[PDB]
Amino acid sequence: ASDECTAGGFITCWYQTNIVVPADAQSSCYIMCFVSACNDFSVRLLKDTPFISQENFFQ
Amino acid sequence: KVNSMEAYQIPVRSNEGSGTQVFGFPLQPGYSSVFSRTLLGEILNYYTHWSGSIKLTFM
Amino acid sequence: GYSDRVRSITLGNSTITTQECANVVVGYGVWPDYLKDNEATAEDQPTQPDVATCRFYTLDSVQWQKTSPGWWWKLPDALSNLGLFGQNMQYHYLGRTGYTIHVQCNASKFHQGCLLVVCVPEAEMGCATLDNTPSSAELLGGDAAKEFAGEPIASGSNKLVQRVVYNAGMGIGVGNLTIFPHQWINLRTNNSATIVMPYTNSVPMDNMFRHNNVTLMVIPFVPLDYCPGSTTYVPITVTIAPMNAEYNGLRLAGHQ
Amino acid sequence: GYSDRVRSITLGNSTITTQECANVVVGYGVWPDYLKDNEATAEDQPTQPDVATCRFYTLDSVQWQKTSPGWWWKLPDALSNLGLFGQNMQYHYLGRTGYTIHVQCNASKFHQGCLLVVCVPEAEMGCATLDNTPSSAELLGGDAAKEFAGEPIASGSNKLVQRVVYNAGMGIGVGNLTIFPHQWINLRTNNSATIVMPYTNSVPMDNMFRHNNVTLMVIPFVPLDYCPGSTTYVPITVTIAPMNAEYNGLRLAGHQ
Amino acid sequence: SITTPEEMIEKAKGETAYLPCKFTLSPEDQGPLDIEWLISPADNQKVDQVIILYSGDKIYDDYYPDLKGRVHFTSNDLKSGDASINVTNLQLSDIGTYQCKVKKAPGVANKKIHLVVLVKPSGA
Amino acid sequence: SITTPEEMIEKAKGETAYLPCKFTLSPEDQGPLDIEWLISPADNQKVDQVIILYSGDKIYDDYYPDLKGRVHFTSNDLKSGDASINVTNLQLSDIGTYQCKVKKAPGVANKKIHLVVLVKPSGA
Amino acid sequence: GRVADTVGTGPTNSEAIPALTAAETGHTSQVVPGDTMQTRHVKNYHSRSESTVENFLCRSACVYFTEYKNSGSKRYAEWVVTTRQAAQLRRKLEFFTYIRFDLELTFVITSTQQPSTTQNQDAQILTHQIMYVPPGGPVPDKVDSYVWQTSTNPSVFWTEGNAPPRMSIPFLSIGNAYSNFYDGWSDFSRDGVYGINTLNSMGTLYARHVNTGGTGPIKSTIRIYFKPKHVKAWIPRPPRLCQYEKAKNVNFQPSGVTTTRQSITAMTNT
Amino acid sequence: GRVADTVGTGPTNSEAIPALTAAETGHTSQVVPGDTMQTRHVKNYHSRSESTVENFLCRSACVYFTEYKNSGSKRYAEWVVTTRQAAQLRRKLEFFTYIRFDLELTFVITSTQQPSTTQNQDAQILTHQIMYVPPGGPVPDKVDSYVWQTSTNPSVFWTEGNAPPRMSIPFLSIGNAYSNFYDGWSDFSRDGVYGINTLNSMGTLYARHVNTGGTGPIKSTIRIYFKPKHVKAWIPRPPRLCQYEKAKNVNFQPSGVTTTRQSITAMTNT
Amino acid sequence: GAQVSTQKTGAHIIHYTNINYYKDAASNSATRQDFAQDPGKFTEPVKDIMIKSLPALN
Amino acid sequence: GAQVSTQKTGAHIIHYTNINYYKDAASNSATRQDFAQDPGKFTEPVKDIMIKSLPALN
């Protein structure tokens, strides 16, 4: 959960130089990002997720 | 953009300068809306505590 | 010398070559094989046709447009009208197979775009009408590709698939589809994707018309773009080879 | 496999990668190291901060225009306001360091141009006014690059640097600058230059504000050219990491 | 359950509507079979009125004076999984929502059909 | 809880008072956010009267005819931890004790501000 | 069970490029912090025991509840056994395509007196019967039926005030695993309801009052708790994004892939 | 565990001065009676076992209680778990700056019928649910909420008349010890509430009636008992002199260092 | 026929006893101490091994 | 796997038996027989040892 005593920090990305293309190539482009855990990663204390919910039993 | 494929795309382009910002977000792997619905995030939301290192791959 | 970008794959009387490839993904680490004595339940002697059916079949091509949402193919069914693989499907109660899937799309060093190629076990899809379930014609393309949509399918009293791409027809987040076996075709790196898929099921064999147990999906995450004067028609082409195919329960032909 | 065009360099909490490099120039064959007992003169115990100061700092970028004469940076001074390297410069009488210098400039296979990247020990420059010597503000850019000129600086009664590029501000022939440690960034071959520079001086340690003992210079010998429709903004970017830094003579902060 | 529980059907006056109600049983469903068809008319404010019943091995007509003799089962064998019905000589005053209820304990299923009848024979 | 729950603020007639209510959430607090401001006037014997509410993603003004159009939230983003308000065109008849109530189950916090308005602009 | 240590590394200048790869290949990079920065050595003692599949799944959850009375119309309860009517356990199970488990069933049965005009109410203590009918077995159609004789159907009898009744069930499928997803039909013509098989058929539960107690009206409620045990699971999947709609299919309403923030550099949520 | 014996000593005349020292040094003198008087030898058998930190802390104490009804407005109870609302246990724990322990939780739940005009009351027996929600978990906002489904939250169900329910909790901190005192802030600008961290965050407890019983109104009370077990503790402190004022801070009203007597030679208290 | 096994403890061993009472395996208590892992079938499912310090494509 | 230990008794030995039933250490009973002591970190925390029969300052 969100908590200031255990704040994690910041991730940012900056142009180091430019994007340079020849004529007849698109000057706009896209990057994609992926996340995963390292081999030192772990979790504790099982709980219920806030993402699933229900008002009546389904049918 | 959360109702399309554009949510996964990071725009970059040829600029008329350098050093401007591309993105930024906080390291809150379970609570940030950037991270909360990834595989890592969806598992985290069943737990109270997390520890360890994380990898971000860009393509 | 040598290069790890070139690859050749030969099966039966067919062979495929590629000069800009990435690697080959093998399933869940498991290479396909015939069913063993200590896991069999059907007692009759199986037929193993072995080059007549284990070979590459090339499907109908598909156009990548700048607004394409994506495509899918249910696997037994995609090949069901096609050669002796189709005939053996038609004459037998039971079947068992793996696959080698190969997806091809070339373009110049001046085009850009990125496709996810995934093989999804048990891709049960949703209906646009919440009480209904989708009809067969909506789910099964049958050697022709089925298309995703860009916006939600309107609810009526119909039997249409809820087709919108960012839920993958399955009520999930599409970016999480990488838990399944997959590759990316990224036009500046790569013109081919190859996945070797073993048989997967909760039972040792199954009927091939009643149940489609894996689904190939091809979805552009980064849209196709280029500049004027470049070629505008960029097709995608799928080729699929069954591996280690077997059949049990011979009887008259049909599915009813 | 392997390729001698790729390189990674890690220092402290920073790392730099490059995919089109040439080699790495090492000084005069000498890798940097701490000062030894039998060459020391200052008797107090030195501080060695070792990751807080030995790491990559990226300076402000600079635009390569078709008429650019070139740029220079005096090295201790360029980093003097920057992090704990700057703080340790401010609190100590004496300092000693080497450097890893890395200059970056990418462009397409359709651009052309060629830069000399040189590291000049003791680059004492000349004044436009023959009786005078240049002021500090003219010589020290201070984390901003200083520019060369295309034509001779006019004489007055001023304190300007005689800036004209073909004498390198030093009354010499600029084509002979290759006696110093250097590389070329040639846009059709290479997008990076790397020089590892050891400590050089006539004394074992020195004051870091009073004396700038090496100067980086970047000078286009073959001008930037391209054709219309190509990207017009091409920056150059310098990143510098001190190596084996030490400091002696702790006292109150300042330089006066 | 019943195959397509939500649908809509358009026909013309004088023609005869087929209302499909095809069901499949689970192995748990071992009680006796009950089949009910009821109606909620569009023009009228009467609601949830039985038009035809099937129970204990036999049919019961004669529940809606309006559909007298014009509502029948279409299968020679109903308990095999077919509870579809025919309405005949359609007119505007029957436009509405028909409901098919199949019971075999524990299982229970229903299906809603919205019948629209149009003046002219034309699907436009 | 709220940063400084007990304080007193002095301003002059015609000026506009800032009533700070800044809060911090605990990890346990996962219910929906509710923010209430109520009033107990010094001159008047009416007590504990809502002046402005925030609930279910939206604001509700128009609770105190006296402060009509003169009580607003100061933050462009309230749920980040800022529930402060502005009162404008202050006059003597509003001197009193304002109360800020923040709810997010399980957590509940309140803050009392005693607003004094003086005739002349002078902190003496 | 422990997590991996951190190897201490120093500065580097070489042709080795651990941080450059090609995500196109389908491979996930195995990089650790020492590849891209100087690190100290750390002796890590943290454990991964609380995220085994068994520990993740082995908690009791209420899958269903219903009511029945001691008089009137609804004298017994009837429920086809399934995991797909309660959101929380369904979602956890659907992390996996195929799964084997045993079950521990616990029942929480409670009663409440209902408003009435009857005078002189002196009710005796209530006993309850819960009968489990496997698929194919005959079912009761009234509270006083010969079926409640239970010659071969397991039944639990339980008196109010005692500990809640509990029993175990073995893995019960005709297949080699339960299937959480089925992309196909049961009929060979594929003209039927899609997604329906009988690999998960588990039967029916019936519950009644054995005695009526007293002269007043009384309503009881039975809550059913499933705890999986001895779990094996295969083929992980993306977790369910959209809210559940039906018990017997996967039908959904489309929704965005996450919630929004103000800009691509914004540090907070909206 | 035994205490030390007394060494017998005789008369003395020497330069040794055990009874003269310098308290300035911060040292506490190690003098025994034999240093300053003639003593016999004593074989002491007394033990110090009842003043180990564990035996000093390991008794059940009521930290909190509340009420909830079977009808009306307040249908469930809600409590953020803490030791700082009950004076007696807080004071004992604050002898130490840092401490590790496990907990044994016991609940004492009792009910009382409330005055009413309803006739013919024949209430059935009451069952209760207690749910523990770790921090971050969703919370119930009504007595009939899907949250009470408890797929992953531990819950205890308990029927009145039986033994009180009890469960254990392990040491639960993200830090290496709980901290009883924190001289600082949670925000890096130090403009917030002082003394607040999340090293002691333990979660929330919710309690409800499962059934309503009968037609009459009934109020129940739940008392929560903490017993620490397996204790380790560090950095002893002066015990709390002034009475406690708030649960979330150390704020006090000043008070004298002891009570008074009449004169500096008076032999009795006043 | 008692079995002794180790309890879950902290780091900086203590044992517990069990005896099965019933005739079916499905009556036993849960299997909570199976800590084996094998992520290489999901990460790295490639035919050609990929050495981390080399370029992925050559 | 029973453990036998000594009971608390008087001075002027008798034993008791225990068996752990649960899988976590936090389920065990209290640790009431740890009688170690070490007061020299609070008394006498001085760098130079102070011999009791000598003057403290010389």
Side-chain angles (χ1 to χ4, degrees), chain G residues 45-46 50 55-65 67 70 83 85-93 106-126 159-164 213-228 244, chain H residues 70-71 75 111 113 116-134 137-138 140 143-165 167 170 172-176 188 208-218 220:
Chain G
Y45 291 102
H46 303 167
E50 218 178 340
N55 286 324
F56 176 67
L57 290 174
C58 188
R59 302 254 181 129
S60 275
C62 171
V63 298
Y64 191 72
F65 64 83
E67 296 169 289
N70 76 334
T83 57
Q85 299 195 84
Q88 289 194 329
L89 181 51
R90 180 171 179 184
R91 191 172 190 267
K92 277 209 283 188
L93 296 171
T106 309
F107 303 99
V108 170
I109 287 162
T110 66
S111 313
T112 295
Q113 178 207 30
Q114 305 287 288
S116 177
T117 56
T118 301
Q119 314 284 290
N120 308 297
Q121 291 178 234
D122 201 76
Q124 302 297 307
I125 178 70
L126 298 178
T159 290
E160 280 193 352
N162 293 310
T215 48
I218 296 165
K219 176 166 57 195
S220 314
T221 301
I222 177 178
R223 302 168 150 74
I224 296 158
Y225 290 80
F226 276 24
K227 179 165 69 59
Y244 283 118
Chain H
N70 76 334
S71 83
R75 296 279 334 267
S111 313
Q113 178 207 30
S116 177
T117 56
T118 301
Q119 314 284 290
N120 308 297
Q121 291 178 234
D122 201 76
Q124 302 297 307
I125 178 70
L126 298 178
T127 308
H128 301 254
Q129 196 187 338
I130 307 142
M131 191 174 50
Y132 166 82
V133 173
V143 58
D144 66 304
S145 169
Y146 65 101
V147 179
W148 303 96
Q149 206 176 117
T150 72
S151 180
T152 312
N153 300 345
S155 286
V156 57
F157 293 87
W158 180 83
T159 290
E160 280 193 352
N162 293 310
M167 56 188 169
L172 211 63
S173 200
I174 68 162
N176 307 75
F188 290 104
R208 64 170 185 151
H209 295 121
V210 175
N211 62 315
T212 56
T215 48
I218 296 165
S220 314

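To find a chain, count down the sequence lines: A is the first, B the second, and so on, and within it residues start at 1.
- Of the residues considered (H:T150, H:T127, H:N70, H:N211), H:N211 shows the highest number of contacts with chain G, using heavy-atom pairs under 4.5 Å.
- At a heavy-atom separation below 4.5 angstrom, chain H is approached by G:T112, G:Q113, G:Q114, G:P115, G:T117, G:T118, G:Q119, G:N120, G:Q121, G:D122, G:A123 within residues 112-124 of chain G.
- Considering all non-hydrogen atoms of both residues, G:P164 and G:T106 come closest at CB-CG2, 4.1 Å.
- Taking H:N162, H:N153, H:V210, H:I125 one by one and counting their heavy-atom pairs under 4.5 Å with chain G, the maximum is reached by H:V210.
- Of the options G:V108, G:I109, G:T110, a side chain to side chain contact (heavy atoms under 4.5 Å, CB included) to G:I222 is made by G:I109 and by none of the others.
- Under the 4.5 Å side-chain criterion, counting only non-hydrogen atoms from C-beta, G:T83 is in contact with G:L93.
- Residue G:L57 does not touch chain H at all, counting heavy-atom pairs closer than 4.5 Å.
- Using a 4.5 Å cut-off between heavy atoms, H:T159 contacts chain G through its side chain alone, with no backbone atom that close.
- Of the two parts of G:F226, neither the backbone nor the side chain holds a non-hydrogen atom closer than 4.5 Å to a non-hydrogen atom of chain H.
- For H:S155, the side chain to side chain donor-acceptor pair (under 3.5 Å) partners two or more places apart in sequence, or in a different chain, are H:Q129.
- Looking at G:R91, neither its backbone nor its side chain comes within 4.5 Å of chain H, counting heavy atoms on both sides.
- Heavy atoms from other residues, nucleotides or ligands lying under 6.0 Å from CZ of G:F65 number 12 at most.
- H:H128 and H:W158 have tilted rings, their planes meeting at an angle from 30° to 60° on a 0 to 90° scale.
- Heavy-atom pairs under 4.5 Å with chain H peak, among G:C62, G:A87, G:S111, at G:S111.
- Contacts of H:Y146 classified as side chain to side chain donor-acceptor pair (under 3.5 Å), with partners at least two apart in sequence or in another chain: none.
- At a 4.5 Å heavy-atom cutoff, the contact between G:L126 and chain H is made by side-chain atoms alone.
- Residue contact with chain H, scored on non-hydrogen atoms closer than 4.5 Å, involves the side chain of G:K92 exclusively.
- By the side-chain contact (heavy atoms from CB on, under 4.5 Å) test, H:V143 is found to be paired with H:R75, H:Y76, H:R208, residues two or more places apart in sequence or in another chain being considered.
- By number of non-hydrogen pairs under 4.5 angstrom with chain H, the leading residue of G:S60, G:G214, G:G216 is G:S60.
- Contact check for G:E67 versus G:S220: no side-chain heavy atoms found under the 4.5 Å cut-off.
- The cationic group of G:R223 does not satisfy the cation-pi geometry with G:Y64, failing either the under 6.0 Å distance to the six-membered ring centre or the 45° limit from the ring axis.
- Contact of the H:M131 side chain with the H:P140 side chain is registered, since non-hydrogen atoms from C-beta on lie closer than 4.5 Å.
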